[PDB]
Amino acid sequence: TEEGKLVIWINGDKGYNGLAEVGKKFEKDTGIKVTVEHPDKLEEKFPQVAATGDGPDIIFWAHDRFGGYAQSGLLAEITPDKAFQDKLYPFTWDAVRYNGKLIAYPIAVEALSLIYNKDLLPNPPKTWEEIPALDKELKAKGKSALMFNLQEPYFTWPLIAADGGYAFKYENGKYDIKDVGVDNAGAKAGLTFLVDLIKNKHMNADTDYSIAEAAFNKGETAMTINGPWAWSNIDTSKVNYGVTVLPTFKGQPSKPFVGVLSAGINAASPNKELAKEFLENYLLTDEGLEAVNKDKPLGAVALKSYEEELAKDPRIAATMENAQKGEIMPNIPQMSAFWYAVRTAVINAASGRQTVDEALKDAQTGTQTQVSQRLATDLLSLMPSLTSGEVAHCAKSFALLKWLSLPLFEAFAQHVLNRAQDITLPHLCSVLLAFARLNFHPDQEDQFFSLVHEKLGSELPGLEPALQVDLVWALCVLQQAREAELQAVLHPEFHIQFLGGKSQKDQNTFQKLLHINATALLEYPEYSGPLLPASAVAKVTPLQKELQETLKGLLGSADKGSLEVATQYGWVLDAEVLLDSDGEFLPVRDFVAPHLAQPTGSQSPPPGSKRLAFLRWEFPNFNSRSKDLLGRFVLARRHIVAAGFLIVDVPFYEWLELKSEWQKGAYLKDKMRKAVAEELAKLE
Ligand SMILES: OC[C@H]1O[C@](O)(CO)[C@@H](O)[C@@H]1O
Ligand SMILES: OC[C@H]1O[C@](O)(CO)[C@@H](O)[C@@H]1O
């Protein structure tokens, strides 16, 4: 930012001294002094001081940061002619583009490769499909085939994306933030193969960077996946290692992300043509790059002529080959959500918290919709200027993603109260329905639901019938329904309406009617209003499957428990048992069962009998990243308890820690005992 000289920022781990030698030759020929600095955290200092017109004339950094600098207008558009652009590998120019315009010069290229132990594995595998058999071979020799960091998506992405996956679609020099390839058939096939490697004991789901590096550099595993930064540590080991092309999957190359060390020009620089001359004519030449490479190695470089020299090192050649088959890392701000969404998906799928399809689906959603704490924070700040309809829209969308940001939902409630004067019923109802879906109770709880009752009392009968059900049901979820609202939906007219339907929509409306009716029966003791007539109350997951098989083994006989028990309240129990006072199973269906629509037995349960319900909770039954159930299932559990059941909760994350059948039986028996003991303590 000073005329007549050039100031260059570059990270401290690069060959800034070799870069200075280029500056000295530049001064010698042009008379322009060139100064090179390596300030700490320059990738964060640069947007600070360039926003106000200060900083260096040229900055060196990985290309992904430059996309954000350009958005702020901090990087000048560069003007290399086609003659110069032909000197560099074409794909590298695709990394220094913003809104179709070049904003930096490619310098060096970096990507993951396959690193292998030539003593354990003289010829590395060409394909991913061979590795399992190879691991069986090596496990018998006291070794393993492959170990790499499974915790961070940067290392797993080469396999996930091999057969068609991609972060954001790139076309005509631009990224399409709406076109996300996290959940297509290629991403699924790759992740499935990764998960299968784990299930088959060829890889461990806990393996991270440190574990894999130690294993390979100690000679314990025949292969790893890593980058040039890791070569020094292997040189200091005793492993005769090679570096080569990543294996194919479905005959498609592995697609690692590519990092392009680039040089940008400060938009606030008065020496843009001097910076252009130094970069194009002195740095990006065989002599210039050699000078920098002599100080600290660049790895593979974008300049074709010098890459031919460096590529004599077969490790550099493999780096460039993998980069040319890889996916340039998108330089757009939308990648932040990608990293978080995909990281969660891989961990969830590899550990069994989700299937491959479920995990990638959510990562897709998370990447397309850019959900992040910054999103909720941005909305929280707009709240005073948002309309009632915009809040209703917000609430609906967050509830749909099961994303319960307590600070934002409390601001929804306050927003509604501050506009109780003119807020329309639809806008109020959208918030109510969102609160119920996520089981959110605001701090000004009495005030919020007083408004709901007030606004809804006079207009409820005139609403569409299915909507009346949706709204009363939401109040039942939140324990706010009033007898007059229950009555409005439970009087003998409303039923015949939805009762006789095949739509699956009337059937859902009716199911919610059973929940309302169940609330009146079980949670309002003084309720003397109308109820549904007794005559009108009459796909399998792995968790559901294993829970049933484990329970069948414990019970021993079919008569000591009932599986998939449909109640007259709409809810279905995974299982029910009747324990006598000694904790031994009784023949449950020999006894009366008020919770059921049909009577199934005449005998009265012995005194001291304890009726237990096993209730399974699946991953989607919870708010995102929490152990709090959605409203629908808070309501279900509240009803089963009110029906006189002791609860054995079987959430997926508890069952997931039980790796053997013995553990699963022991866990269920413990939960039964604990529930019964919890009760006896209640009665004191
Ligand atoms: O290539 C640069 C990238 O490499 C990583 O270390 C991989 O974990 C990232 O943290 C960084 O952004
Ligand atoms: O979200 C709260 C709910 O979470 C559970 O622990 C899940 O098993 C229930 O016991 C509890 O009521």
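Every chain's residues are listed with numbers counted from 1 in the order the sequence is written; these need not match the entry, and residues without coordinates are not shown. All chains are assigned letters beginning at A, and all ligands numbers beginning at 1, according to the order in which they are written. As a rule here, side-chain values come from all non-hydrogen atoms in the structure, and water together with hydrogens is ignored. Residues with missing side-chain atoms are left out of burial classes, side-chain pairs and their counts.

Listed as the method for this PDB entry is X-ray crystallography; the listed resolution is 2.15 Å.

**Here we look at the overall build of the chain**
The condition is simple: Helix and strand definitions follow DSSP, with helices as H or I runs of at least four residues and strands as E runs of at least two, each counted in order from the N terminus.
Scanning the chain for helices and strands turns up 29 helices and 22 strands. Here the C-alpha coordinates of the chain stretch approximately 100 × 70 × 50 Å along the principal axes.

**What to know about the site of ligand 1**
To be explicit about the condition: Residues are labelled near a given molecule or strand when at least one of their non-hydrogen atoms is within 4 Å of it. A 3.5 Å cut-off defines polar contacts: any pair of N or O atoms within that distance qualifies, except that in protein one atom must be a possible hydrogen donor and the other a possible acceptor, and neighbouring residues in sequence count only when both atoms are side-chain atoms. Where accessible areas are quoted, they stem from the Shrake-Rupley method and a 1.4 Å probe; at the residue level, only the protein chains shown are allowed to cover.
Neighbouring ligand 1 are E110, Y154 and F155. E110 places a polar side-chain atom, nitrogen or oxygen, 2.8 Å from an oxygen atom of ligand 1. Here ligand 1, which alone exposes 320 Å², has 45% of that area covered by the protein.

**So, the site of ligand 2**
In the vicinity of ligand 2, the residues found are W617, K627, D628, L629, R637 and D649. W617 has a polar side-chain atom sitting 3.5 Å from an oxygen atom of ligand 2. Backbone polar atom of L629 to an oxygen atom of ligand 2: 3.2 Å apart, as the coordinates give it. Taking 320 Å² as the accessible area of ligand 2 by itself, protein coverage stands at 65%.

**Describing the UniProt feature "domain: RAP" in the chain**
Where we set the bar: UniProt positions are given in the numbering used here, feature names are shortened, and annotations may be inferred rather than shown by experiment.
In the numbering adopted here, UniProt assigns the feature "domain: RAP" to residues 612-670. Along residues 612-670, the helical share is 46% and the strand share 20%, with 13 Å between the first and last C-alpha atoms.

**Quick look at the pattern of salt bridges**
The test is simple: Any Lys or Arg side-chain nitrogen located within 4 Å of an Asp or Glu carboxyl oxygen qualifies as a salt bridge.
In total, this model carries 24 salt bridges according to the counting rule given. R589 is paired through a salt bridge with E576; the nearest N and O atoms lie 2.5 Å apart. One end of the pair, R589, is in the loop between β20 (585-586) and β21 (610-617); the other, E576, is in strand β19 (residues 572-579), and 13 residues separate them in sequence. The network of salt bridges with shared partners includes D574, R616 and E618.

**Focus: the environment of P542**
As for its placement among the helices and strands, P542 is situated in helix α26 (residues 542-555). In this structure, the C-alpha to C-alpha distance between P542 and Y667, residues 125 residues apart in sequence, is 17 Å.

**Here we look at the nonpolar core**
Heads up, the condition is: Think of a nonpolar core as a cluster: buried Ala, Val, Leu, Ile, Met, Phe, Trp, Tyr and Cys residues, connected wherever their side-chain atoms sit within 4.5 Å. For every residue, the accessible area obtained with a 1.4 Å probe (protein chains only) is divided by the maximum for its type, and the residue is called buried under 20%, exposed over 50%, and partly exposed between those limits. Domain segmentation is taken from an automatic or database assignment of domains. Any two residues whose heavy atoms approach within 4.5 Å are treated as being in contact.
Counting residues in hydrophobic clusters, the biggest one holds 124 residues, and the most contacted among them are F60, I107, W128 and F278. A total of 8 residues in this core trace back to one element, the largest contributor, which is helix α15 (residues 335-351). The residue makeup of this core includes at least three contributed by each of domain 1 (6-110 + 258-328) and domain 2 (113-255). Leaving out residues up to four positions away in the same chain, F278 has contacts with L6, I8, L19, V22, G23, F26, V34, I58 and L283. Among the nonpolar cores identified, the runner-up in size contains 97 residues, and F409, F510, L615 and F645 belong to it.

**What to know about the side chain of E213**
To be explicit about the condition: Under the convention used here, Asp and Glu are negative, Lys and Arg are positive, and both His and the chain ends fall outside the count.
Within the element layout of this structure, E213 appears in helix α9 (residues 209-217). Buried charge without a partner: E213 forms no salt bridge, and the closest opposite charge is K218, 10 Å away. Polar side-chain contacts of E213 include one of 2.9 Å to the side chain of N233. When residues no more than four places from it in sequence are discounted, the contact partners of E213 are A230 and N233.

**A short note on the pairing of strand β9 (residues 166-171)**
Each regular strand carries side chains that alternate between the two faces of the sheet. Rule in force here: Strand pairing requires that DSSP identify at least two bridges connecting the strands.
Sheet analysis places β9 next to strand β10 (residues 174-181), joined by 5 bridges and oriented antiparallel. Considered in β10, the bridge of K169 is made with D176. Where β9 folds back onto β10 in an antiparallel hairpin, the turn is made up of 2 residues, including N172, whose phi is positive at roughly 55°.

**Overview of unusual backbone geometry**
For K201, which is not a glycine, the phi torsion comes out positive at approximately 70°. With respect to the secondary-structure elements, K201 resides in the loop between α8 (185-199) and α9. For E564, which is not a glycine, the phi torsion comes out positive at approximately 50°. By the secondary structure assignment, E564 is in strand β18 (residues 562-566).

**Concerning the sheet that holds strand β7 (residues 113-117)**
What counts is decided by this rule: For every element, the axis is a line fit to its C-alpha atoms; helices are fit only across the contacting stretch, and the angle between N-to-C directions ranges from 0 to 180 degrees.
Read across the sheet, 4 strands follow the order β8-β11-β7-β12 without closing on themselves; strand pairing throughout is mixed. One side of each edge strand has no neighbouring strand; the edge strands of this open sheet are β8 (144-146) and β12 (241-244). In this sheet, adjacent strand axes meet at a mean angle of 20° when their direction is disregarded. Two strands pair when backbone bridges link them, and β7 and β12 are joined in this way by 4 bridges, in the antiparallel orientation. What sits directly across from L114, in β12, is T244. The strands touched by helix α6 (residues 131-140) within the sheet are β8 and β11 (221-226), with β8 carrying the most contacts at an inclination of about 150°.

**Structural notes on helix α25 (residues 505-523)**
In an α-helix, one turn spans 3.6 residues, which is why side chains three or four residues apart end up on the same side. Definition in use: Every helix has an expected span of 1.5 Å times one less than the residues it contains.
Taking 1.5 Å of rise per residue, the 19 residues of α25 would be expected to cover 27 Å, and the 26 Å separating its terminal C-alpha atoms lies within 8% of that figure. In this structure, the buried side of α25 is in contact with α22 (465-477), α23 (483-490), α24 (493-499) and α27 (631-642).

**Remarks on the domain arrangement of the chain**
Per the domain assignment, the segments of the chain are domain 1 (6-110 + 258-328), domain 2 (113-255), domain 3 (371-453), domain 4 (463-536) and domain 5 (542-682). Put simply, the middle of domain 2 and the middle of domain 4, counted by C-alpha atoms, are 55 Å apart.

**Notes on the packing of aromatic side chains**
Just so we agree on the cut-off: Whether two aromatic rings pair depends on their centres lying within 6.5 Å, for rings of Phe, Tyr and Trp, where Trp uses its six-membered ring; planes under 30 degrees apart make the pair stacked, over 60 edge-to-face, and the rest tilted. By the criterion adopted, a ring carries a charge over it if an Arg CZ or a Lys NZ lies within 6 Å of its centre and within 35 degrees of its normal.
Throughout the structure, instances matching the rule amount to 35 aromatic pairs. Where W655 meets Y667, the ring centres are 5.9 Å apart and the plane angle is 80°; that geometry is what we call edge-to-face. With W655 in helix α28 (residues 652-656) and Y667 in helix α29 (residues 661-682), the pair connects residues that are 12 residues apart, well separated along the chain. Accessibility classification places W655 together with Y667 in one group, the buried group. Through a chain of ring-to-ring contacts, three or more aromatic side chains come together here, namely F398, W403, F409, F412, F435, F440, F448 and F449. One cation-aromatic arrangement involves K169 over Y166; the distance from NZ or CZ to the ring centre is 5.7 Å.

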